[PDB]
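Okay, structure first, notes after.
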Amino acid sequence: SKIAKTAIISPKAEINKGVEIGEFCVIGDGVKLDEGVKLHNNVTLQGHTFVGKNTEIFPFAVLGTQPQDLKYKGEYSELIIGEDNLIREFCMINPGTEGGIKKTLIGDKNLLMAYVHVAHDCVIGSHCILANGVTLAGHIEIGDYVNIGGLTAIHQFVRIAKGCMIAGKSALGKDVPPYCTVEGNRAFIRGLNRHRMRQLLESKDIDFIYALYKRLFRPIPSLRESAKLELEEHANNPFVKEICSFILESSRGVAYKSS
Amino acid sequence: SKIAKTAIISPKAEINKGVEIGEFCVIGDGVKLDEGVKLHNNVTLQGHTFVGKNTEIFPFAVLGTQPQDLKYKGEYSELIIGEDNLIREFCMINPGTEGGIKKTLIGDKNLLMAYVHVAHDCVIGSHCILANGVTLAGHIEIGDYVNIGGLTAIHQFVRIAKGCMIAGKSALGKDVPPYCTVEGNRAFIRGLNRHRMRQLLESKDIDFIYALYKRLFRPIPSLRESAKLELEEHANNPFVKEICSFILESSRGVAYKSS
Amino acid sequence: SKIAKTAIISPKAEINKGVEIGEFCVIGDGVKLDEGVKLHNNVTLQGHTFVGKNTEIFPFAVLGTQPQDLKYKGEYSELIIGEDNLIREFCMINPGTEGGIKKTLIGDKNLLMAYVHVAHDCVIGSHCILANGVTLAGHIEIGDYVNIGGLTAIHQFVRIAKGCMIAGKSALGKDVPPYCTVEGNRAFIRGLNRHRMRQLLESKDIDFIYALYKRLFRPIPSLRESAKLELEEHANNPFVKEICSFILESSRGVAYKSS
Ligand SMILES: CCCCCCCCS[C@@H]1O[C@H](CO)[C@@H](O)[C@H](O)[C@H]1O
Ligand SMILES: CCCCCCCCS[C@@H]1O[C@H](CO)[C@@H](O)[C@H](O)[C@H]1O
Ligand SMILES: CCCCCCCCS[C@@H]1O[C@H](CO)[C@@H](O)[C@H](O)[C@H]1O
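Just so you know, the protein sequences line up as chains A, B and C, in that order.
Per UniProt numbering, the very first residue in the first sequence carries number 2; after that it's consecutive.
Per UniProt numbering, the very first residue in the second sequence carries number 2; after that it's consecutive.
Per UniProt numbering, the very first residue in the third sequence carries number 2; after that it's consecutive.
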């Protein structure tokens, strides 16, 4: 519950109770820090940025500066961060753009290791882990319980569904359906995130999913056609709905499988 | 037109009119900031560094500290940056060395995204874009209108000519002739930067270039011999001169083509 | 021998004579700086960190903050750095954990270039060079005279013996025996670090080592069996002892060779 005297804090910023601010932090006039937020020394918060309860941010992280994108034109956008997040040293996160969704959103209980960059208009859920140097291009969507290995680059508009695991040093240019593990320069699906499914899903449903994907990724009928048929033959099945609707909504297309 | 009171500025530094300096900037005694320069909070400028008109530098960038090279011995070198540049967060740029060209030079209207490192003795032109984490080794030369994708590493003494495009995550160890696109770990030429040529060149000349490269990269006569012959059969043709003289001057050799 | 007035230094920290501290440095209550240490502006030193004589640390480096590892629980660990080290901009080094060796150790005369991250429980020797962006996972052991190229990632528990060279952009998941050169995504041994051996070893011994490895890496008898036999047929030979005992102690296994 201490605010360093050396910290520069705009009188227009809103700092709730219990907030800790380390030495030399720089806080702009559009920042909001909810209860229990802890900023180590030298954190830079600019733009219209909201930082949720109990989130902790380490030294030299930069949040809220304008997107790097050239299309940006001093637009009115926001950066919204959830609760119980851990944001490490040298992270750089920008707010959204008018051409995107006018915001960059991050949920709860996530860990963004050092040197992680989150570009404008990205959406990250909860319980995610982005390792050292992960680089997210613009307009990316990441579901809950997603792990992305260090030094991985995700291209613009890519969508990663819930429970996915992406190996380090990968370059992902396509969407990844729920509970899949990805790896490779031009990343592709190598199987299912068994370890994740085992903690969130029941055995019976895990088997169903394997079967589902095996049928979905058959070569003959296109993925799209198999997905639509899957929704018909199983109008009542949460997993089919979650997986198939994700697939049919894909813009960049779904990543390569193995069959 | 405001200079933060918390900023540390050597009385020997030269700060022109209209310069903006954010909170906690550290400016050494050999720095010069031309008109309209904007430094966000926490920018570090050391050594004999000149920053051109209207250039803007974001938080935690470090410019002017001594090169990492071991051969360096407290030499007298400079870092010269042009006008209208955008230098993002966490960039690190060093001045030259006595063994090199005694300076690191950057032209105008360039964008160096976050975590970009420019080593000693590098030369960057104008209208260039270096994405997140691009790493330039020493003595590199980059022409105008060059785009280098994120997380790409360029090895020492490599030269990239005008209008080239280098895909992200590449490792370039050879020179790249004008208007070529490169990609791959041990990077190679995959074709021409059509999108770039279309905005700078006329259709007729674009066709000529394709033809030129097709003949230059034939397997039998060496690239060098074809280049010399090309200069003979076309003593009067700017494109041939620009492309062939570049090739004949190569030290590390020209990158692999595809034919 | 000057300490910037703007620097924040805990009265509990121990600062020896001749120490230089730049503007805005942040020094916690468990830090110790031995004689001749030079901190540029904005260096952050936290936790129970010791910095040896004459070590120099550049702007925005962060040393001593808690490990990123989730298993960590406000444990009592240390970060110990040796003498004559050069630690560049944006480096991030964490102390050890209770599950590891309760410390992160770095020897003497090393150069850690910019953006280098050293995870909890790592052990680095002396005369080493880690290029831009090298990322070390936890519990890694690096011997003396090791060079690791830029943007290389070393996985947890990997051990690199004395005199090894690791090419840039590699991903190492296995141990590397003394005097070997490694390269590749899933890194493997490509030969010997001749350049290194030539400065530290006599010609006769260099020949012996080549022969040793040629016999060790034969396909039929396992590496382990050949190593044990090598120790028997040469109970008195420092090189055999150094190389073979390293191999037999491997946890993650030894890297792939080429024969
Ligand atoms: C397969 C083709 C993939 C093309 C991907 C293009 C991504 C460009 S986006 C770019 O990403 C940066 C991440 O560092 C952000 O900082 C910028 O603001 C944003 O504009
Ligand atoms: C194919 C072989 C390629 C060899 C390339 C060697 C590059 C070493 S240079 C080195 O690059 C660093 C970039 O981070 C700079 O900081 C250092 O000052 C500079 O000395
Ligand atoms: C072949 C399989 C290799 C698995 C390697 C797993 C490494 C996870 S460790 C992890 O490394 C980070 C480096 O950035 C540190 O910051 C964290 O504290 C530490 O917990």
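In this text, a Cβ means the ideal position worked out from N, Cα and C, and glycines have one as well.
Expected contact under 8 Å - CB spacing of residue i and residue j to nearest Å
i	j	result
residue 175 of chain B	residue 256 of chain B	4 Å
residue 48 of chain B	residue 65 of chain B	4 Å
residue 45 of chain A	residue 60 of chain B	5 Å
residue 167 of chain A	residue 148 of chain A	7 Å
residue 101 of chain C	residue 139 of chain C	7 Å
residue 134 of chain B	residue 153 of chain A	Residue 134 of chain B to residue 153 of chain A, Cβ: 12 Å. No contact.
Pick from the options that is closest to residue i, judged by C-alpha positions
i	options	result
residue 6 of chain B	B:28, B:13 and B:127	B:28
residue 90 of chain C	C:165, C:109 and C:132	C:132
residue 70 of chain B	B:97, B:215 and B:231	B:97
residue 190 of chain C	C:209, C:161, C:200 and C:202	C:161
residue 225 of chain A	A:206, A:245 and A:209	A:245
residue 13 of chain A	A:170, A:31 and A:42	A:31
residue 39 of chain C	C:33, C:127 and C:22	C:22
residue 72 of chain C	C:103, C:25, C:88 and C:124	C:103
residue 42 of chain C	B:34, B:26 and B:51	B:26
residue 117 of chain C	C:87, C:24 and C:145	C:87
residue 157 of chain B	B:146, B:195, B:251 and B:37	B:251
residue 51 of chain B	B:232, B:108 and B:2	B:108
residue 77 of chain A	A:99, A:234, A:128 and A:241	A:99
residue 220 of chain C	C:260, C:202 and C:212	C:260
residue 249 of chain A	A:207, A:177 and A:199	A:177
residue 20 of chain B	B:234, B:203 and B:4	B:4
residue 110 of chain C	C:119, C:57, C:206 and C:95	C:57
residue 112 of chain C	C:243, C:33, C:151 and C:216	C:151
residue 197 of chain A	A:36, A:165 and A:227	A:165
Chain C residues whose Cβ lies nearer than 7 Å to that of residue i
i	result
residue 154 of chain B	151, 152, 169 and 170
residue 61 of chain B	61
Contact check, residue i vs residue j, beta carbons under 8 Å
i	j	result
residue 121 of chain A	residue 68 of chain A	yes
residue 143 of chain C	residue 106 of chain C	no
residue 253 of chain C	residue 183 of chain C	no
residue 55 of chain A	residue 15 of chain A	no
residue 186 of chain C	residue 170 of chain A	yes
residue 258 of chain B	residue 218 of chain B	yes
residue 241 of chain B	residue 201 of chain B	no
residue 129 of chain B	residue 145 of chain B	yes
residue 114 of chain B	residue 115 of chain C	no
residue 181 of chain C	residue 193 of chain C	yes
residue 24 of chain C	residue 9 of chain B	yes
residue 216 of chain B	residue 227 of chain B	yes
Interface partners of residue i on chain B, CB under 7 Å
i	result
residue 157 of chain A	What residue 157 of chain A touches in chain B: nothing, since even the nearest Cβ is about 11 Å away.
residue 133 of chain C	118 and 136
residue 98 of chain A	Chain B residues near residue 98 of chain A: none, gap ~16 Å exceeds 7 Å.
Contact list for residue i against chain B, beta-carbon separation under 9 Å
i	result
residue 186 of chain A	170 and 186
residue 9 of chain A	5, 7, 24, 25 and 42
residue 105 of chain A	Under the 9 Å cutoff, chain B gives no residues; its nearest Cβ is about 15 Å from residue 105 of chain A.
Chain E residues whose Cβ lies nearer than 7 Å to that of residue i
i	result
residue 116 of chain A	Here the protein chains are A, B and C, and chain E is not one of them.
Listed by chain order, chain C residues near residue i by CB distance under 9 Å
i	result
residue 89 of chain A	66, 69 and 93
Chain-ordered chain A contacts of residue i [CB-CB under 7 Å]
i	result
residue 50 of chain C	Under the 7 Å cutoff, chain A gives no residues; its nearest Cβ is about 14 Å from residue 50 of chain C.
Chain A contact residues for residue i, given Cβ-Cβ distances below 9 Å
i	result
residue 56 of chain C	Correct list: empty, because the minimum Cβ distance to chain A is about 19 Å.
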